[PDB]
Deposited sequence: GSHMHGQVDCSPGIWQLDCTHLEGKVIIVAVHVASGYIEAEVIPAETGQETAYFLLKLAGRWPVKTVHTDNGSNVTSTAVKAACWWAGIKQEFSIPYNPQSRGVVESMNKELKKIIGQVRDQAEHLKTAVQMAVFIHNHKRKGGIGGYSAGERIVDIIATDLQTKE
């Protein structure tokens, strides 16, 4: 489906790095966050939905994901929270693979930037616009096709 996403967090350099993955296209949206708090996770979710059609988000059952803010955000935007990744191994592998590959790219360009923040955005660019087609191409196709 075109509106299914997976919000998880992978740590690096003693930093948090939030990671949202369009499951259908594999397109990724990532950003270094101060800490795995609820408001930070919610801001990220509010923005992703304000840019893409977000209808369901598969979270991990953590404290940040069950935060009152994340609930308010999922309600105000119409996002259906589903703590499924912790109990579905088929969905677990997806978040696992994307996080490690994103981690690989983040290292390949880490020396090209002093801060991790910039390094991850450079890594996101690489992942989405590189490859059939690239991830950023698949998601626009997925969405526009559904728009029939």
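Visitor: Quickly check which stretches of the deposited sequence aren't in the model, judged by C-alpha, and list them in order.
Guide: Unmodelled stretches: 1 to 10, 142 to 146, 164 to 166.
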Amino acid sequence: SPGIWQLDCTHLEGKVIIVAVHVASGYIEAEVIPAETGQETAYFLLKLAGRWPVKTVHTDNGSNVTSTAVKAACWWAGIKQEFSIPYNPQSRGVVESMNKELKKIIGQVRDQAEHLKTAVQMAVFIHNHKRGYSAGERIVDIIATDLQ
From here on, numbers count along this sequence of modelled residues.
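Visitor: Once you work out the mean C-alpha B-factor for both 61 to 69 and 87 to 95 from the entry, which is higher?
Guide: So the stretch with the higher mean C-alpha B-factor is 87 to 95.
Visitor: Determine, for stretches 44 to 52 and 112 to 120, which one has the higher mean CA B-factor as deposited.
Guide: Result of the comparison: 112 to 120.
Visitor: Lowest, middle or highest third: where is residue 147 by C-alpha B factor in its chain?
Guide: Its C-alpha B-factor, which the entry lists for residue 147, ranks in the highest third among residues of this chain.
Visitor: Test of reading the entry: by CA B factor among the chain's modelled residues, which third contains residue 19?
Guide: It falls in the bottom third of the chain.
Visitor: When the deposited Cα B-factors of this chain's modelled residues are ordered and cut into thirds, is residue 35 in the lowest, the middle or the highest one?
Guide: Residue 35: CA B-factor falls in the highest third of its chain.
Visitor: Is residue 101 in the lowest, middle or highest third of its chain when residues are ranked by C-alpha B-factor?
Guide: Answer is highest: the recorded C-alpha B-factor places it there.
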